[PDB]
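Trainee: To start, I am sharing the structure in question, which I have written as structure tokens.
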Amino acid sequence: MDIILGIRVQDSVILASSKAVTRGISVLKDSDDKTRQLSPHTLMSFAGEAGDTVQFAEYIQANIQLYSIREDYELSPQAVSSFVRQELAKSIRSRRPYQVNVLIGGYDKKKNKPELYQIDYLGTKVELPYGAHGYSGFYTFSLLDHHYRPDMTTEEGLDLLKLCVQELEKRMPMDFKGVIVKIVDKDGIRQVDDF
Amino acid sequence: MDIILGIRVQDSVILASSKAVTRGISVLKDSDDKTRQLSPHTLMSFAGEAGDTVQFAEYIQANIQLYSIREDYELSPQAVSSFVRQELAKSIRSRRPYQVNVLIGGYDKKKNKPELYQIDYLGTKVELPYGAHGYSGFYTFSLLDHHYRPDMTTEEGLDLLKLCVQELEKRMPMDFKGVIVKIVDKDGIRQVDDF
Amino acid sequence: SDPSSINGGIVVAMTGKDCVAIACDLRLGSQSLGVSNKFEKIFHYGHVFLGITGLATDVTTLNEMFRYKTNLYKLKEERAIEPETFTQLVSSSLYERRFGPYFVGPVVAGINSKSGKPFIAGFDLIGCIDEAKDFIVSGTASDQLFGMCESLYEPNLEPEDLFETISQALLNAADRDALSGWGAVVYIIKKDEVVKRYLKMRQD
Amino acid sequence: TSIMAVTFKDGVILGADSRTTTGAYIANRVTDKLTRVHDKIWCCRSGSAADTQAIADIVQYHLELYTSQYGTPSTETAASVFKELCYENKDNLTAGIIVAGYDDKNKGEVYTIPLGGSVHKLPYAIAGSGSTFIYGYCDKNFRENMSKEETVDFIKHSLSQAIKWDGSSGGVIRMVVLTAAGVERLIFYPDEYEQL
Amino acid sequence: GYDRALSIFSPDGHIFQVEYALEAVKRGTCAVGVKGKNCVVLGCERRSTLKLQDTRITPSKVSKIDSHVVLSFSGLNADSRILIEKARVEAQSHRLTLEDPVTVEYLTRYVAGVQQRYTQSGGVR
Amino acid sequence: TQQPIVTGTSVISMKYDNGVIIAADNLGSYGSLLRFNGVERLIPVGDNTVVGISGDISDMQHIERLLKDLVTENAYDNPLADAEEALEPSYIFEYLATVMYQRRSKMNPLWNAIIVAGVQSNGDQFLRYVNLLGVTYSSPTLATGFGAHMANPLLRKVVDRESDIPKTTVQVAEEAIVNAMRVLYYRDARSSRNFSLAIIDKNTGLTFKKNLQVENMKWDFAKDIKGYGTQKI
Amino acid sequence: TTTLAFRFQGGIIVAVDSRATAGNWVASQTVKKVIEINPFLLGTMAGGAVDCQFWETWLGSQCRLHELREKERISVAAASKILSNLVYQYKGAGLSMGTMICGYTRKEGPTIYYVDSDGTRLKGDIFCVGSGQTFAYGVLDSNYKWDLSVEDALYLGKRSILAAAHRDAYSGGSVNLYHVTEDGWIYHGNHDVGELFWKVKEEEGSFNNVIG
Amino acid sequence: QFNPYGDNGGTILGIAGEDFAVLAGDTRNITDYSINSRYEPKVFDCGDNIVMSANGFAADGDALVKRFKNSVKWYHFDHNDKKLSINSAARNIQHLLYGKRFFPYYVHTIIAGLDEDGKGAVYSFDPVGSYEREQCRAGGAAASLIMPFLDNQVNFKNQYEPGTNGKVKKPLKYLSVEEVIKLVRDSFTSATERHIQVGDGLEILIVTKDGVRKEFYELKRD
Amino acid sequence: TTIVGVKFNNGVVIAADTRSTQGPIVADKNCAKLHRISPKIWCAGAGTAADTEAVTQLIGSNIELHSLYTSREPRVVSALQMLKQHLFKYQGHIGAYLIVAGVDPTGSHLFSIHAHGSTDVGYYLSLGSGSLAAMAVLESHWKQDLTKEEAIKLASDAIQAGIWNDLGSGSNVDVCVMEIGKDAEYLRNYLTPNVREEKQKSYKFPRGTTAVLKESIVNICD
Ligand SMILES: *[C@@](C)(CO)[C@](*)(O)[C@H](CC(C)C)NC(=O)[C@H](Cc1ccccc1)NC(=O)[C@H](CC(C)C)NC(=O)[C@H](CCc1ccccc1)NC(=O)CN1CCOCC1
Ligand SMILES: *[C@@](C)(CO)[C@](*)(O)[C@H](CC(C)C)NC(=O)[C@H](Cc1ccccc1)NC(=O)[C@H](CC(C)C)NC(=O)[C@H](CCc1ccccc1)NC(=O)CN1CCOCC1
Ligand SMILES: *[C@@](C)(CO)[C@](*)(O)[C@H](CC(C)C)NC(=O)[C@H](Cc1ccccc1)NC(=O)[C@H](CC(C)C)NC(=O)[C@H](CCc1ccccc1)NC(=O)CN1CCOCC1
Ligand SMILES: [Cl-]
Ligand SMILES: [Mg+2]
Ligand SMILES: [Mg+2]
């Protein structure tokens, strides 16, 4: 875990998440997918403490899938993000809190709008045009402040995202082994295989 | 500072040293040469505490150059390594010790033999066929135990060295931005520009 | 960060009939990482042998220091230093650094050239002399060596038999210690000949 | 320790128990805590045995050198030398000393020097761990210009109680009598003082 | 807590509460299941004494337990919701721990196990 | 987690040919303050057992109550309470040992060292130790606190092993105990001159001696000792 | 410890050392670090010895209960997740475990899962776990190809443990080899490093750092 | 702060033969620099031809032995007086120890007896329950002294056949009960010489198909 | 260590055990703890072994130079004064605990010195880990007007108490008797009550048991 990025453009939300799983002085894996599909039009990436990350992600996934079956209906990204925030807000005052930071990228089918939410382990939610967790933000936020425009296409967003990854690969101390990029839009969730 | 390697082959000593200079969450430089020529046939690479490394390297360089001028004669790699060890052995019981680990690759012109010495900040000297400092050794020593042969050529040594760098680039957590490779033989010291 | 157990290593010395033996392992490591399998811990100044375990930089430094001192001794005295005298020199030199000591476990071994008597001695890091008829042990597997020597040892062994006893003491002690081993050397010392043997041992 | 010095009509008497301890072990049950720094200037030692010995030895040296040049020193002078050592080295000392001497002009005098290195001239002084238990008793029973026998009984009864309650005090009760007549050593054993 | 043993044996060896629960099923609207060569079809009766119904929002007779399994029923409508809910929770729990959706046999075995538990637990019918 | 407040010092004991002897001084210390002087630290259970306790006195008093209650409970529905089904030393010890170890395991110990001395129904001598950690051991001589360091060496000169027990009489054994109590008074800063001594003999039974005093002490040589090195007066 | 397991053309190779340490004290040279869960499932052990030993034999009991209840051998994924979910409940309590659940099933094929005591669970083709994992990686990675033969794969696994046994002070004793196929696991012997090192040195010409 | 653990010293030793097994232990019990007892046994017959010793902190050692003895008793009650095999005992003991994983029994446990084929068996446990069957194991204060000697003399480690150029190892063979007791006695006299917590007496429990026999030997008392 | 000093009729006797420890390990089974400061002033040392040896030799050296300078036999109080001022200067960091005894023109003397520099006077003294065991014996059997043979017996009995009851002390009893008008007699190994029993087996290996890789003659000559 380390690098998770998110960019909301005109018609989609793009999430980029690093592939490295490092422990001690060994990179144990270089193809790790740090994300879970919560619903057909909602994707959550995650980063933080080992074990907690996946355990939390899958726990949320199960709950949203349970809701979908019960109501035969897909929760809005806003509704999902509020549910996730509350779980983390409960967690922070537990005996052992979930040390997990997340981005929630979703496409609201009722509004026909992409939505990106950034939530940290404390339960601090914000809706953003672009987001990041960990040290990534210290490079990417200023970069995006400059190059981002709200009316960009998915292709323009991917080029903007390449610019972030290049900067991180240049200036970040650790080798994060590239990123897995996924797009969330009106047609659901798909993975970019060549990045 | 992080990765410094050394391989003694039949007719030469090959030193590989990482190019990254990292501080905090920023790679400040990716072309740093972590070595000093002590004499025409003696090269020292170094790694450790910031500031100490260069300050120590240049201090040793000055002393060996002073000796060379005084006697109009080049000290043997063995003699240089003993001088360096003693300086570090003094240093460790000083008010503020030099936190610097070094490899000394030299070609003894009287013996017509390449020589590689590994010395840590405590003043612990060993002559070796192949050496490393820091976490590098944890991967490279076992690799070299398997693939190294004492009668190898310089070209075979460089291929053996590529195998080390590839393994480090695969399994090391940090991005060390490749290595600068230098060869020490009967004709002196030269740098491999394409590695 | 315990200076005496960073590099690892062991030394053992024994007496026999008109002879002495001193042996050491060859490992030098940095905690878990084995670095060198050629690091000998036994040195000699004339006919007096000195083994040194502990922090490797201090092993090297003290060797260079005692070579320095025994060379000046010989120039002024016009004779080689004896084991009993050298033992006192080691003790004085170590205690000189009482409140900033060398982290070592030295072991003197040799035969007095005048009397012909076998002599061994051990020290702690600050110079306390530990003289013994039978054996001296030192290093990270000293407990193991104490157990091996105490059971295996018997007095008045012949040089060839003594070799077997000291070797088995070191080998089996080393194999129960993570930081010791990686090869071994044994010195058999008679009045006017010295044999040096490298032992075959497991390399893990 | 339990120690005290008491001025009286003919001069001064010093008193002390004989217990030296390491934790709860009694390292010495027959200690002599009454020590000579000059012919008729003595001191009672409490606190660190090493520190008080080292101090007393230095003071004895100073007063011996004083005597060689300027003749017999006053009790005040002796107390001043003790003070100087205790005050200037207060960070590295654990010494509670009572200085007592006999001049012919000034008669019996008692000076006490606590941990800080301050000097206090008193009619009588008590000190040491066991002194805490006899502040009440000594204050109620002390009178100025007592006789030798009354002062001996006062010290004996006092230290008897201090010893009885303080675990860090015990053994014999040593006393040293300083008068114009000379120097007299007295000792009192448990069988006598315990049943007072 | 209410502890009464409601489901108990009678002299002839019958548990009347379980058998009277079958009568409630016999009262319920007809439900049918037919499985073909490559499909299963669940048919359900809906009584026509209820006009002015809103079929958009009225609970459907066939319920999805997961995306691949369905459950229809006959008997008390309120009781069925409890079984469906438990089944849906177990379906998600199975995916979470086994990393594989439930088999139809497993899901059935669970639902059947719940029903059985209510036939020899105190304080429940 | 506790800290002891009012404390009792050494309890010493030994076996002899027909039984056991146990002793302990009558002091309840409060740190360096020798606070209480009428404290009985030997507590008889029946006519065949004496439990000697050192350490925290508040916990000692708690243990007294447990032993007192044990005698009551044993008498319930027990026609042979004063005969075959009377409390043995081994029963009393094992009960205490269980409690001590249970309390240490709950991180709330009874801050004591305990020696159970007695004679079994078959005439065998019983002498066993238990402490705040639940550690138990038996020996011909047993002692707590400073007694372990100073009494045991003296008592072991009389009974050095099992075979020395039949050779040791009650006169010799009591003499060694009384001598040991004197040595402890010389050298233990939290000891008193007054003590109690108990003898449990397989023939004469339980003999409990109160208000004993250390005597025949050597102090005369103190008068010759002057200064701390040089000093001659 | 040093343990590894890698996936290849002919199934899975699993190799482990046999040393057990208590600080610098070598406590045992003959510890079994591979647990045989069933004819198709293996578990490797690294870290706290009883933590690994206890919970992996417990895992075997849970796997047995699965096939009794479900009339079907448990998947490697499900077996690994039982263990990872168990240790996750104990997270923060101080369990020390680095394990690999290796096996074959019909639906999955040959599969390896890394599971550790802070709750990390990872599917992968190659893993090395333990104090000497880096030494094993160095040799394994530099010689690994998917198209290795069963004979070469077995040797590489053996040779990688040997490499770590030599350099890592807290690895050694002997090498235990296993080969996992569609037909189940196959044991390929206990190989003492005492003899194996010299045999490999002579035949291969490697280990030139050592005095021959 | 209250420290619930203590060190009672002593050392133990288990060796397995072909049709027998021995479990030895010194009888000295200590705390710090004091001797508590010169004869306090810590090697016990637990029934079903199983002998056991839990050396280290004696309070935990006794507690464990007591619980295992009780476990043997209840095994009979619950399984029709079936004999508890040494392998089953070993697994049971693991669960006893691991039950207190987060507040451990501070002991090195060793058990000895015969396996179900009638062959000598020794099992050894770490404080928290990891166990292993072995031919040989020393436990306790002087374990680091005795164990390498056992490697050399019982398992013939580092011993090669004379004249074979260090190529052929000394072949493994079972030792007689006479030879094993010689090694036990020499191990303990050597341990007594060089370890301060070891001495006073040696008590050996020998296990054969005929039952459990005892032997006692004096050790140096300094 | 256990060390003692006992005064008698016409002089003073000191004694010591001969165990040197290294944690729980006996490093030296027969080390000499009795030190000669001058011919008739001897010293028994407990604590840090290097410190007791170094401090006793330094003061012994200075006492010799002082004796030669003054043309007088050295006095015990001089050794006492020089030792205590040295030890005091180092604030207890030099861990030397000494019993100083001897005869001189002033008479016979017995003192003890502690690491921090405090001195004590007595007719009987004991220092070291076994001092409580020794002092118990001394307090039980000491009396005024001891003879030479009685004082030796009492001193050695006090050391024995340490040998048997203190784990820090063991092996043999060294004694030194300093009588007025006579030469001091140093009685090395005055008692040897801890002789190692015959081993059960000879561990003499068959020649060729150890596997060898290389041989070479070492050059010790010029
Ligand atoms: C009563 C007892 C208290 O007021 C008296 O004052 C006497 C004074 C007489 C003897 C002159 N005081 C003592 O007996 C004195 C009590 C004491 C202890 C520590 C600090 C201050 C006062 N005891 C000592 O000085 C002993 C004498 C030795 C046993 C001969 N010394 C020690 O206990 C030394 C003290 C070292 C020290 C500490 C702090 C400041 C100065 C010096 N400590 C040790 O020997 C270490 N000891 C090892 C065993 O573990 C317990 C500590
Ligand atoms: C390599 C060899 C090194 O890590 C492997 O990782 C092996 C794994 C195999 C055995 C499954 N690991 C060990 O050998 C492991 C290293 C270790 C130690 C402690 C914590 C984590 C890892 N060793 C152990 O677990 C040993 C097992 C052998 C039988 C001795 N056990 C101990 O060290 C025990 C128990 C440690 C412990 C763990 C958790 C809670 C409490 C304790 N400790 C002792 O035996 C203590 N010690 C023995 C010597 O006498 C003094 C007391
Ligand atoms: C009885 C035994 C105890 O009171 C006696 O007092 C004897 C006195 C005789 C021998 C003169 N005391 C000892 O035997 C003494 C006990 C001791 C140990 C440690 C500290 C203080 C007292 N033992 C020693 O002094 C040994 C001497 C042997 C023969 C080597 N020395 C050590 O154990 C040294 C301690 C040196 C030291 C340095 C700085 C401050 C204090 C002490 N310790 C080691 O050598 C341990 N270790 C070995 C591995 O390398 C790192 C050091
Ligand atoms: Cl004093
Ligand atoms: Mg190894
Ligand atoms: Mg002893």
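So you can find residues: chains in the structure tokens are A, B, ... in the order shown, residues in each start at 1, and ligands are numbered from 1 in order.
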Do you have, as CSV, the list of residues of chain I lying at most 12 Å from ligand 1, each with its nearest atom pair and that distance in Å to one decimal, counting only C-alpha atoms and all ligand atoms and ordered by chain then number?

Mentor:
residue,atom,partner,partner_atom_place_in_ligand_line,distance
I:47,CA,ligand 1,48 (C),10.7
I:84,CA,ligand 1,30 (C),11.8
I:87,CA,ligand 1,42 (C),12.0
I:88,CA,ligand 1,42 (C),9.7
I:90,CA,ligand 1,42 (C),11.7
I:91,CA,ligand 1,42 (C),7.9
I:92,CA,ligand 1,36 (C),7.5
I:93,CA,ligand 1,36 (C),10.7
I:95,CA,ligand 1,45 (O),9.9
I:96,CA,ligand 1,45 (O),10.9
I:97,CA,ligand 1,45 (O),9.4
I:98,CA,ligand 1,30 (C),11.1
I:99,CA,ligand 1,30 (C),11.8
I:111,CA,ligand 1,30 (C),11.4
I:112,CA,ligand 1,30 (C),8.5
I:113,CA,ligand 1,30 (C),7.6
I:114,CA,ligand 1,30 (C),5.9
I:115,CA,ligand 1,45 (O),7.3
I:116,CA,ligand 1,36 (C),6.2
I:117,CA,ligand 1,30 (C),8.5
I:118,CA,ligand 1,30 (C),5.7
I:119,CA,ligand 1,30 (C),6.8
I:120,CA,ligand 1,30 (C),7.1
I:121,CA,ligand 1,30 (C),10.7
I:125,CA,ligand 1,30 (C),11.4
I:126,CA,ligand 1,30 (C),11.4
I:127,CA,ligand 1,30 (C),10.0
I:128,CA,ligand 1,49 (C),10.3
I:129,CA,ligand 1,49 (C),9.8

Trainee: Identify all residues of range 9-177 of chain B in strand (DSSP E) (DSSP on the backbone) and supply them as a PyMOL selection string.

Mentor: chain B and resi 12-18+21-23+26-29+35-39+42-48+100-108+113-119+125-127+130-133

Trainee: Deliver the residues from the most recent selection as a file, using N, CA and C atoms, as a compact mmCIF listing (two decimals), in the first residue's frame.

Mentor:
# COMPACT_ATOMS: atom_id res chain seq x y z
N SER B 12 40.53 -7.53 -12.98
CA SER B 12 39.98 -6.22 -12.62
C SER B 12 39.05 -6.25 -11.42
N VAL B 13 38.75 -5.07 -10.90
CA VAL B 13 37.75 -4.88 -9.85
C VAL B 13 36.66 -3.98 -10.41
N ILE B 14 35.41 -4.39 -10.26
CA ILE B 14 34.27 -3.62 -10.77
C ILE B 14 33.43 -3.12 -9.60
N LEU B 15 33.25 -1.80 -9.52
CA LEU B 15 32.41 -1.18 -8.50
C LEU B 15 31.14 -0.59 -9.11
N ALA B 16 30.00 -0.93 -8.52
CA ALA B 16 28.71 -0.37 -8.92
C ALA B 16 28.09 0.38 -7.75
N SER B 17 27.65 1.61 -8.00
CA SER B 17 27.14 2.48 -6.94
C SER B 17 25.88 3.21 -7.41
N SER B 18 24.84 3.19 -6.58
CA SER B 18 23.54 3.77 -6.96
C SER B 18 23.62 5.29 -7.17
N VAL B 21 20.09 10.22 -4.77
CA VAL B 21 20.28 10.92 -3.50
C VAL B 21 18.89 11.34 -3.05
N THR B 22 18.40 10.68 -2.01
CA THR B 22 17.04 10.88 -1.53
C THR B 22 17.02 11.60 -0.20
N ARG B 23 16.08 12.50 -0.04
CA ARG B 23 15.92 13.13 1.22
C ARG B 23 14.47 13.41 1.48
N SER B 26 11.56 13.11 -1.30
CA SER B 26 12.01 13.67 -2.57
C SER B 26 13.35 13.10 -3.02
N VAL B 27 13.40 12.60 -4.25
CA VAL B 27 14.66 12.21 -4.88
C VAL B 27 15.27 13.48 -5.46
N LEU B 28 16.27 14.01 -4.76
CA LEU B 28 16.89 15.29 -5.12
C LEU B 28 17.81 15.18 -6.34
N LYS B 29 18.39 14.00 -6.56
CA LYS B 29 19.32 13.79 -7.66
C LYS B 29 19.35 12.33 -8.09
N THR B 35 31.68 7.87 -5.44
CA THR B 35 33.03 7.33 -5.48
C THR B 35 34.08 8.44 -5.60
N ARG B 36 35.29 8.14 -5.14
CA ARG B 36 36.44 9.01 -5.35
C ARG B 36 37.66 8.20 -5.74
N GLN B 37 38.40 8.70 -6.72
CA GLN B 37 39.69 8.13 -7.09
C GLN B 37 40.74 8.56 -6.07
N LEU B 38 41.28 7.59 -5.34
CA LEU B 38 42.30 7.86 -4.33
C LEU B 38 43.68 7.94 -4.98
N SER B 39 43.91 7.07 -5.96
CA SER B 39 45.13 7.07 -6.76
C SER B 39 44.80 6.49 -8.14
N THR B 42 43.49 2.99 -7.71
CA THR B 42 42.69 2.73 -6.51
C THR B 42 41.45 3.61 -6.47
N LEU B 43 40.29 2.97 -6.33
CA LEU B 43 39.00 3.65 -6.32
C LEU B 43 38.23 3.27 -5.06
N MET B 44 37.59 4.25 -4.43
CA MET B 44 36.79 4.01 -3.24
C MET B 44 35.36 4.47 -3.44
N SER B 45 34.41 3.55 -3.27
CA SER B 45 32.99 3.89 -3.22
C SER B 45 32.57 4.01 -1.77
N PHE B 46 31.47 4.71 -1.52
CA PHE B 46 31.04 4.98 -0.15
C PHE B 46 29.53 5.15 0.00
N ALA B 47 29.04 4.81 1.19
CA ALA B 47 27.62 4.95 1.53
C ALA B 47 27.46 5.12 3.03
N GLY B 48 26.43 5.86 3.44
CA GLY B 48 26.13 6.06 4.86
C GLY B 48 25.43 7.37 5.15
N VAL B 100 30.17 6.08 7.84
CA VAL B 100 30.46 5.83 6.43
C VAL B 100 30.99 4.42 6.23
N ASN B 101 30.36 3.69 5.31
CA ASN B 101 30.82 2.38 4.89
C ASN B 101 31.42 2.49 3.50
N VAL B 102 32.53 1.79 3.26
CA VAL B 102 33.25 1.93 1.99
C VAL B 102 33.65 0.59 1.37
N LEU B 103 33.78 0.60 0.05
CA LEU B 103 34.47 -0.46 -0.68
C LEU B 103 35.68 0.16 -1.35
N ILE B 104 36.82 -0.53 -1.29
CA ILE B 104 38.03 -0.07 -1.95
C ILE B 104 38.44 -1.08 -3.01
N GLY B 105 38.29 -0.69 -4.27
CA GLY B 105 38.70 -1.50 -5.41
C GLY B 105 40.00 -0.97 -5.98
N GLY B 106 41.02 -1.82 -6.03
CA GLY B 106 42.33 -1.42 -6.53
C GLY B 106 43.02 -2.51 -7.33
N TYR B 107 43.95 -2.09 -8.18
CA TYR B 107 44.81 -3.01 -8.92
C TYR B 107 46.25 -2.83 -8.45
N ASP B 108 46.79 -3.85 -7.80
CA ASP B 108 48.18 -3.83 -7.33
C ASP B 108 49.11 -4.08 -8.52
N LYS B 113 47.58 -7.95 -9.66
CA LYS B 113 46.36 -8.58 -9.16
C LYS B 113 45.33 -7.52 -8.76
N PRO B 114 44.04 -7.76 -9.10
CA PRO B 114 42.97 -6.90 -8.61
C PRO B 114 42.63 -7.25 -7.16
N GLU B 115 42.23 -6.24 -6.38
CA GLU B 115 41.92 -6.43 -4.97
C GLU B 115 40.71 -5.61 -4.56
N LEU B 116 39.78 -6.25 -3.84
CA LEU B 116 38.58 -5.60 -3.34
C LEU B 116 38.52 -5.71 -1.82
N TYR B 117 38.40 -4.57 -1.15
CA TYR B 117 38.31 -4.53 0.31
C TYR B 117 36.98 -3.93 0.75
N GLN B 118 36.34 -4.57 1.72
CA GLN B 118 35.10 -4.07 2.31
C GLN B 118 35.36 -3.60 3.74
N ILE B 119 35.08 -2.33 4.00
CA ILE B 119 35.31 -1.73 5.32
C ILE B 119 34.06 -0.98 5.77
N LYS B 125 37.62 -4.42 8.41
CA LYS B 125 38.14 -4.68 7.07
C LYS B 125 38.15 -6.17 6.72
N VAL B 126 37.75 -6.47 5.48
CA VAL B 126 37.86 -7.81 4.91
C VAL B 126 38.20 -7.69 3.43
N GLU B 127 39.08 -8.57 2.95
CA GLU B 127 39.33 -8.71 1.51
C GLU B 127 38.36 -9.76 0.97
N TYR B 130 33.77 -10.66 -3.85
CA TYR B 130 32.66 -9.76 -4.10
C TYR B 130 32.11 -9.23 -2.78
N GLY B 131 31.71 -7.96 -2.79
CA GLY B 131 31.26 -7.29 -1.58
C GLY B 131 30.09 -6.36 -1.80
N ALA B 132 29.41 -6.02 -0.71
CA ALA B 132 28.28 -5.09 -0.73
C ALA B 132 28.09 -4.47 0.65
N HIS B 133 27.49 -3.28 0.68
CA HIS B 133 27.15 -2.61 1.93
C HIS B 133 25.65 -2.31 1.98

Trainee: By how many Å are CA of residue 163 in chain H and CA of residue 199 in chain C apart?

Mentor: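 A separation of 15.0 Å between them.
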
Trainee: Pull out every residue of chain H that has at least one atom within 6 Å of chain I, counting only C-alpha atoms, and report them as an MDAnalysis selection string.

Mentor: chainID H and resid 33:34 159:163 166 182 194:196 222

Trainee: Taking N, CA, C and O atoms for each residue, export the selection above as a tab-separated table (two decimals), in the first residue's frame.

Mentor:
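Just written: again12.tsv:
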chain	number	residue	atom	x	y	z
H	33	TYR	N	21.34	-16.39	44.45
H	33	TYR	CA	22.59	-17.02	44.87
H	33	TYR	C	22.39	-17.93	46.10
H	33	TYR	O	23.36	-18.31	46.76
H	34	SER	N	21.14	-18.28	46.39
H	34	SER	CA	20.80	-19.11	47.54
H	34	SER	C	20.27	-20.47	47.12
H	34	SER	O	19.58	-20.59	46.10
H	159	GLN	N	31.76	-36.51	13.86
H	159	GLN	CA	32.64	-37.66	13.98
H	159	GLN	C	32.62	-38.46	12.68
H	159	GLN	O	31.57	-38.95	12.27
H	160	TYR	N	33.79	-38.58	12.05
H	160	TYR	CA	33.93	-39.35	10.82
H	160	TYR	C	34.69	-40.64	11.07
H	160	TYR	O	35.38	-40.78	12.09
H	161	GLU	N	34.56	-41.58	10.14
H	161	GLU	CA	35.26	-42.86	10.23
H	161	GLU	C	36.75	-42.62	9.98
H	161	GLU	O	37.12	-42.01	8.98
H	162	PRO	N	37.63	-43.09	10.90
H	162	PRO	CA	39.06	-42.85	10.73
H	162	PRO	C	39.62	-43.38	9.41
H	162	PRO	O	39.32	-44.52	9.02
H	163	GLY	N	40.41	-42.56	8.72
H	163	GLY	CA	41.08	-42.97	7.48
H	163	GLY	C	40.25	-42.84	6.21
H	163	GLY	O	40.76	-43.08	5.12
H	166	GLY	N	37.41	-38.02	5.87
H	166	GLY	CA	36.23	-37.25	6.27
H	166	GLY	C	35.07	-37.37	5.29
H	166	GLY	O	34.32	-36.41	5.09
H	182	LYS	N	26.01	-43.63	31.64
H	182	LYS	CA	27.37	-43.08	31.69
H	182	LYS	C	27.41	-41.66	31.13
H	182	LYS	O	28.04	-40.77	31.71
H	194	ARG	N	30.88	-26.39	35.96
H	194	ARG	CA	30.92	-25.11	35.27
H	194	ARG	C	29.65	-24.26	35.40
H	194	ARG	O	29.63	-23.13	34.93
H	195	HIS	N	28.61	-24.80	36.02
H	195	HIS	CA	27.38	-24.03	36.25
H	195	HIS	C	27.00	-24.02	37.73
H	195	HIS	O	26.90	-25.07	38.37
H	196	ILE	N	26.77	-22.82	38.27
H	196	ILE	CA	26.57	-22.62	39.71
H	196	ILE	C	25.21	-23.10	40.21
H	196	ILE	O	25.08	-23.52	41.36
H	222	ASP	N	28.89	-27.60	46.15
H	222	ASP	CA	29.38	-26.22	46.21
H	222	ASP	C	28.67	-25.32	45.20
H	222	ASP	O	27.82	-25.76	44.43

Trainee: Could you please determine the separation between CA of residue 170 in chain F and CA of residue 116 in chain F in Å, to one decimal place?

Mentor: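 These two atoms are separated by 18.3 Å.
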
Trainee: Using only C-alpha atoms and a cut-off of 6 Å, which residues of chain C sit close to chain H? Please list them as a PyMOL selection string.

Mentor: chain C and resi 143-144+147-148+150-151+172-173

Trainee: Rank F:23, F:81, F:151, F:34 by their smallest atom-to-atom distance to chain D, using only C-alpha atoms, and report the top residue only.

Mentor: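 Checking each candidate against chain D, we get F:34 as the closest.
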
Trainee: Give as a PyMOL selection string the residues surrounding ligand 5 up to a distance of 9 Å, considering only C-alpha atoms and all ligand atoms.

Mentor: (chain C and resi 32-34+178-179+182+203-204) or (chain G and resi 19+132+164-173)

Trainee: Quick check: residues of chain G within 7 Å of chain A, only C-alpha atoms, returned as a PDB file with C-alpha atoms, in the first residue's frame.

Mentor:
ATOM      1  CA  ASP G 118      -0.561  -8.856  10.436  1.00  0.00           C
ATOM      2  CA  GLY G 119      -3.366 -10.079   8.147  1.00  0.00           C
ATOM      3  CA  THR G 120      -1.746  -9.839   4.703  1.00  0.00           C
ATOM      4  CA  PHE G 127       7.215 -16.151  -2.601  1.00  0.00           C
TER       5      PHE G 127
END
